[PDB]
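# using only what follows, build the 3D model:
(9 chains, ligands or ions: 43)
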Amino acid sequence: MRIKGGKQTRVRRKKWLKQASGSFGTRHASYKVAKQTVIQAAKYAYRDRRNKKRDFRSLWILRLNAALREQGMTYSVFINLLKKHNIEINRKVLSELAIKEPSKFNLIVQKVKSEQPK
Amino acid sequence: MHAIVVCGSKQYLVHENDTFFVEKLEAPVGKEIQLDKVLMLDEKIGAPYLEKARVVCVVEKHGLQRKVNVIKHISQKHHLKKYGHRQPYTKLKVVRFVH
Amino acid sequence: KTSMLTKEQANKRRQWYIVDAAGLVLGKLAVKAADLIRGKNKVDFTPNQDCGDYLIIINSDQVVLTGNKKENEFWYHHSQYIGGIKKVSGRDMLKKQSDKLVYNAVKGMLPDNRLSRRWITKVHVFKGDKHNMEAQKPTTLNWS
Amino acid sequence: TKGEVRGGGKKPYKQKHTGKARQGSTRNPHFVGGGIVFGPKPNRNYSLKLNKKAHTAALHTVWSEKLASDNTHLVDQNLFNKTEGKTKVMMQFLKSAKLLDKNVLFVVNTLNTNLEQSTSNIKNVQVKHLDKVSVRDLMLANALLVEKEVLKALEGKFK
Amino acid sequence: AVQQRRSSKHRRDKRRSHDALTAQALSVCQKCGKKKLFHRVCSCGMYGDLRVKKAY
Amino acid sequence: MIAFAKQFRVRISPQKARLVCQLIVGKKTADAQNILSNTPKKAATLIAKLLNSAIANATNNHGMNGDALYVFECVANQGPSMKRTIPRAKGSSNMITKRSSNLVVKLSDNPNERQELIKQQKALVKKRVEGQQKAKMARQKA
RNA sequence: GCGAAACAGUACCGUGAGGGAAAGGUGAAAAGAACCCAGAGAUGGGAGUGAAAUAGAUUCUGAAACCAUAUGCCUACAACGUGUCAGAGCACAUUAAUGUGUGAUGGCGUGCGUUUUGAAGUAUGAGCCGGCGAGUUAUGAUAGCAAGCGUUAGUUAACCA
RNA sequence: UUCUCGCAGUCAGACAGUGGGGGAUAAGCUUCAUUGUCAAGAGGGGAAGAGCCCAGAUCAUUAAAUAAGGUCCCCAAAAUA
RNA sequence: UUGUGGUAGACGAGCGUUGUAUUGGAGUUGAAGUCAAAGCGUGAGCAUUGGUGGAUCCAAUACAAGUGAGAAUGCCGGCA
Ligand SMILES: [Mg+2]
Ligand SMILES: [Mg+2]
Ligand SMILES: [Mg+2]
Ligand SMILES: [Mg+2]
Ligand SMILES: [Mg+2]
Ligand SMILES: [Mg+2]
Ligand SMILES: [Mg+2]
Ligand SMILES: [Mg+2]
Ligand SMILES: [Mg+2]
Ligand SMILES: [Mg+2]
Ligand SMILES: [Mg+2]
Ligand SMILES: [Mg+2]
Ligand SMILES: [Mg+2]
Ligand SMILES: [Mg+2]
Ligand SMILES: [Mg+2]
Ligand SMILES: [Mg+2]
Ligand SMILES: [Mg+2]
Ligand SMILES: [Mg+2]
Ligand SMILES: [Mg+2]
Ligand SMILES: [Mg+2]
Ligand SMILES: [Mg+2]
Ligand SMILES: [Mg+2]
Ligand SMILES: [Mg+2]
Ligand SMILES: [Mg+2]
Ligand SMILES: [Mg+2]
Ligand SMILES: [Mg+2]
Ligand SMILES: [Mg+2]
Ligand SMILES: [Mg+2]
Ligand SMILES: [Mg+2]
Ligand SMILES: [Mg+2]
Ligand SMILES: [Mg+2]
Ligand SMILES: [Mg+2]
Ligand SMILES: [Mg+2]
Ligand SMILES: [Mg+2]
Ligand SMILES: [Mg+2]
Ligand SMILES: [Mg+2]
Ligand SMILES: [Mg+2]
Ligand SMILES: [Mg+2]
Ligand SMILES: [Mg+2]
Ligand SMILES: [Mg+2]
Ligand SMILES: [Mg+2]
Ligand SMILES: [Mg+2]
Ligand SMILES: [Zn+2]
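Residues are numbered from 1 along each chain as shown, chains lettered A, B, ... in the order given. Ligands and ions are numbered 1, 2, ... in the order given. I have put the structure below:
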C-alpha cells in the first residue's frame, strides 16, 4: 500500500502563502520565506496588541495634560482632584470630551477645581 | 444630548441615535435593554455614578469580531503553538435617555 | 469593543508666531520652541500630521549661556574626511554664527523621524531685529 | 530493500575534497534508483487467534440475535427440490417472499443439489452448510432461511 | 570574487533600466518616398540629386 | 478586435528581443514598419516578418480598416531551451543553454481595447458572485 | 513496479573485467487541416472536418519556482530581517461582512533549523520550486488496559478435512 | 517530598550576592558550600546587555490601581519649602 | 474553588492520506484533478460558488498501513 503525497502538502503550503499576501517579492512567492514572515508577523501582532493598550493610554494622557495646561491646572493634580471628588471617568472619555465637547469638559474641571471633596 | 455609560468595563460617550459596540450581554436581538451605570448626563455629573439615570438601547446584532491567529513560537526551541480567537460582541443603538 | 477617538485628517490649523530672544537662555528657549513646533501643547495632538505652528526667532546673537560655557563648552562638527573635526567655543558661536547655534539646539530636541525634517524647517531664526517674514502677519508672544 | 536492488556497491564519488555531499551507493533510500528501507514483506502473518469457547460464545449470541426475528423463517426439502434447478422459480419465490433486496442465506444440512444449482447466478443470495457458516456470514445475512434439521443440529452443537 | 548574496529580481531590472534602445532618426527620400535613416544613401542609390549606385 | 500573429521557437533570446519589441508598442502601422526596417539589430528582420503577416491577416481575414491599426502588444515569451555541453579546462564541463523565444504580435483598431479586457474580467467576477447568491437563495429556500 | 511498459543490458563510459540511464496517453473515428492571405520556406491567420481545434501531430489533465503584459494605489532628502499596531488620501464593490486593493505618516521591531552555559551571528546547513527521502517485520520476555473460560482450572502446536 | 510498579531524560553548565581554597585580595580565571536567575522564561528598569532589580505571559478589550524605576525636550508623568 | 510560560522527557485526546468490508448517495443536466474569491473552525483542517477538466467519486462505522516533509555540503527534474 504505497500512499503517495499529493494535495496534502500543497494545501497546507498554500494556506501559509495566502496568509503572507502583500509581502516584498520572494516573501510572498516561496513557501519557506512566507512561513517565516507569517510567524514573525504573528509575534509582532501579539506584542503590538499589548503595546497598543499602553500607547493609546499615553496619548490620552498627553492630550488631557495639554487641555489642562491651557487652564492653569496640571495633570498630576487633576487626577488627584478627580479621586477626592469620587468622579470616575476614563482619560479616554475625558480626552474625547475635551476634543468634542469643550463646554462640558470645562464643566468637569470647574467642579473638581474648588468644590468640596465629597 | 450626551451621556457617559459603562457597559462591560469600558466607558462610552453616546449621543441620540448612536450605535456603539460592547461586549456580549446575553440578550436576544430586538429587545430593549436599560443600561444602568451612567457617569455624566447633560450637565449634571454624579461622582460615583448617577442615580436613576438610565440609557435605553436596542440590540441590533450579536456578531463576532475578526479572527485573530495567535502563533506562539520559541525560536530554535522546538515550540510552535497556534491558536485562534473570534471575540463575540453585541451592537446596540441608543433610543432614549431616561430622565 | 469601544468607540475610537478623533484624529485630525491632515488638517492644518497652523499659524505664524514671533518671539524675541533678547535675554533668553539657550536651552530654556529651545525646549519651548520644540514644543511649539511639534504642536504638543495643542489640545488635539495627532502625532503623524505635523499639527504645529511656525515660529520666527529674533535677536539670536543676544542669547546668553550661563556660567563659563562661553569659553569651556565646545560645539563639534565632523566631515566625512580625517581631521575634519571643527570645534567652536560658546563665545565664537555666539558671535560668528548664532542662528546656526539656535537651529542646532532646537533640532537636537526632536525625535529621530521623517517628520522632524519638516518640523525643523518651520523654524526661521534671524540674527537681527529685521526679518523678511512680515508678510505672514505673525503674532507676538514672549518667552516661547 | 537496499541490498536486493540491482546496483553498484561502489562509492560513486570520493569521500572528501569534492564539492558534493558524502554518498555511499547509488541505490540508497534517498536516491531515485530506489532502495526501500522497510517496505512491505511477504512474510507477514496478518493472522489472529481467538479461543474456542470465545468463538462459541460469539456464535451463540449471533444466533440468538439473528433468530427469533423477522425474515428468519423455517424451510424444508420440498421447496429445496421444487426449485427444479431453474433460477426463475427461485426469483419468483424471493419475489413472493419479499426477500429480493435482502441478502438471504440458506442454511442447509444435506447439501441439496437443486438448490445449489440455483442461487449460484445470484450474487445476492447464497447457501452454506452448518459447519460452513460463520459469525460474519450470519450477520451479513439480513435475512435467512433455516432448515428444521439444521435447527436441530444447532441445539446439539451448542451443548 | 563572487556575490555572497543573491541579487533579487528588482536590482536586476534597476540595472537594466539604462539598457533601453533609441530610435534612429529617419527621413524621406526626395525621389521615391521610402524612409531611410538620416544622412545616408537610400535604396535607389540616389542621395540628394546625385545618382550614387545603380538601382537596387 | 485584436488580430495577431505568432512564431514558436524563434532563435533570438527573449532578452534581446524585448529591447526591439519596446520600440514598436503603441506605434502606428506605417511608422512601426519604418522604425523596424532601419534598426541594425538581429531581432529586427524577424519581428518585421511577423508584423507584416499580422497586418495581412488583419486586413484580409478579420476585415479591418488598415489605416487605424496600431501595435497593441508585441512581446517575446520564453521558449523551450536546448542544452549543450561546452568542454571547459582541466577536464571540467559546463552547460550551454541555447535560448528560444515565442514571439507574438497583436494589433487593434479600437484605441480603447484595454477597457473591453477589463470588462470581460469584471463579467467573470460578476458571474461568480451571482452564482453564490443563487446558491444562498436555494439554501434558505430549503 | 524487474536496471529495462519504447528496439534495455540499448545509447553511453572504460584497454579490459566492469559500470549503466532517460523516455507512455491526439481524437469515437485521421475525418491529420483541401483551399485563400503574408512569408523564401518552415510557420502563422482564416476556411473545412469534428461535440470540443485554447483536443493540431509541441498532440489527456497542466501546479509551483521562473519570464513578460495590463486596470487600480504608492514610490526620486531617503538609513530599510522589509513586518506589526495606528493612520490620511486615492480606486472599487464582496462567500454583506464594524467590506476590499494600495499605503503619505507615527510608535515598536537584529530570520528559520542545528549544536551549545551562551548564536542577529564575524559558528554552522539550505539559491528557488516540485516529487522522493529516516521507528518496520518475524520470533520470544515483561508491564498497562480489555474480553473469553474458571477453581482438579486455562489453552492447544504440528498435522488432517 | 513516604512506599510499590511502568517509561524516561540528565553525567560539557553560566553569571550575581555571601564564606573560603589555588592565583598576585588579577582575570568574563579555576575549584568548593549556600542563596537566586538563565538554561527551559516573555514583560518593565538598566541607552543598547541570557545570569543584576521589579515579577511570572490562557485569549481578546484604544478600561482602572500599582512594583522596580522615573516626571525640561527626545519620552508617559511635579510641584511647593 | 484552585489553576492554564516551557526545552529533554512522561501521559491523554484528536486531524489528515491510500485501500478493504458493510451500509446509503452523487455523477456527460458534468466526478476526480486544477486555479481564483472579500467563507467556517481552538488546532491539525473543512466547506460554497465560478472558470478549466472530461469519468469516477462521496458520507458513516470498523479494519490494515510504503500514512503526514523545510532543512541530512540529501537524490532527480525544472528554473533563477
Ligand atoms: Mg512529499
Ligand atoms: Mg525500485
Ligand atoms: Mg519585473
Ligand atoms: Mg546596463
Ligand atoms: Mg583534455
Ligand atoms: Mg545559468
Ligand atoms: Mg565501447
Ligand atoms: Mg489553430
Ligand atoms: Mg510545453
Ligand atoms: Mg496538454
Ligand atoms: Mg519625496
Ligand atoms: Mg535634509
Ligand atoms: Mg539610526
Ligand atoms: Mg521607520
Ligand atoms: Mg512603520
Ligand atoms: Mg531594525
Ligand atoms: Mg525540524
Ligand atoms: Mg560549539
Ligand atoms: Mg563554545
Ligand atoms: Mg550579520
Ligand atoms: Mg568557520
Ligand atoms: Mg559543525
Ligand atoms: Mg551555505
Ligand atoms: Mg527541496
Ligand atoms: Mg498483555
Ligand atoms: Mg559547579
Ligand atoms: Mg565544573
Ligand atoms: Mg562566585
Ligand atoms: Mg580567593
Ligand atoms: Mg575565589
Ligand atoms: Mg567561568
Ligand atoms: Mg542545553
Ligand atoms: Mg527576561
Ligand atoms: Mg531594557
Ligand atoms: Mg500563568
Ligand atoms: Mg496612578
Ligand atoms: Mg514609586
Ligand atoms: Mg512628557
Ligand atoms: Mg503547558
Ligand atoms: Mg477512506
Ligand atoms: Mg472543479
Ligand atoms: Mg514515507
Ligand atoms: Zn530613394
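# CA atoms for contacts and neighbours, from now on please.
Will do.
# spatially speaking, which residue is in the middle of the chain?
Since you didn't name a chain, this refers to chain A. Centroid-nearest residue in chain A, with C-alpha atoms, centre = their mean: residue A:52, separated by 2.9 Å.
# if you could check chain B rather than the one you did, that'd help
The residue lying closest to the centre of chain B (C-alpha atoms, centre = their mean) is residue B:22, at 1.6 Å.
# quick one, what contacts it?
For residue B:22, the contacting residues are B:7-8, B:89-92, C:1-2, by C-alpha atoms under 8 Å, 6 or more residues apart in numbering or on different chains.
# tell me if the helix or strand harbouring it is near RNA strand H.
If you go by DSSP states H and E, residue B:22 is part of strand B:19-23. No - counting by C-alpha under 7 Å from any atom of the strand, RNA strand H is not contacted by strand B:19-23; separation bottoms out at 8.1 Å.
# who does the next helix or strand after that strand touch, helix- and strand-wise?
Counting by DSSP H and E, the element after strand B:19-23 in chain order, helix or strand, is strand B:32-35. Strand B:32-35 is packed against strand B:2-7, strand B:54-61, with contacts defined by 3 or more C-alpha pairs under 8 Å, 6 or more residues apart in numbering or on different chains; DSSP states H and E.
# need those strands in TSV (columns: distance to chain C and mean neighbour count).
Below are the helices and strands packed on strand B:32-35 laid out as TSV (distance: least, C-alpha to the nearest C-alpha, whole Å; neighbours: other C-alpha atoms under 10 Å in any protein chain shown):
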stretch	distance to chain C	mean neighbour count
strand B:2-7	10	20
strand B:54-61	14	19
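# now render these as a markdown table, adding distance to chain F.
Output for these, formatted as a markdown table (distance: least, C-alpha to the nearest C-alpha, whole Å):
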| stretch | distance to chain F |
| --- | --- |
| strand B:2-7 | 35 |
| strand B:54-61 | 20 |
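# for residue A:83, give its distance to residue A:54.
Separation of residue A:83 from residue A:54 (C-alpha to C-alpha, to the nearest Å): 22 Å.
# sec struct for the residue nearest to the centre of chain A, please.
helix (DSSP: H, G, I helix; E, B strand; the rest coil).
# show me which residues of chain B sit near RNA strand I.
Residues of chain B lying near RNA strand I by C-alpha under 7 Å from any atom of the strand: B:69, B:77-79, B:82-86.
# if you look at the residues you listed, which of them are in strands?
B:69, B:79, B:82-85 (DSSP state E).
# ok, and the most crowded of those residues?
Counting neighbours by other C-alpha atoms under 10 Å in any protein chain shown, the top entry in these is residue B:69, with 14 neighbours.
# list the beta-bridge partners for that residue.
Counting by DSSP bridges, residue B:69 forms beta bridges with residue B:84.
# pretty sure residue F:8 sits in a strand.
Yes - Residue F:8 sits within a strand when classified using three-state DSSP.
# wait, doesn't it sit right on residue F:81?
No - applying C-alpha atoms under 8 Å, one finds residue F:8 not in contact with residue F:81, separated by 11.9 Å.
# counting residues, name the longest helix you see in chain F.
helix F:113-141 (DSSP state H).
# buried sites along it?
Within helix F:113-141, no residue is scored as buried using 16 or more other C-alpha atoms under 10 Å in any protein chain shown.
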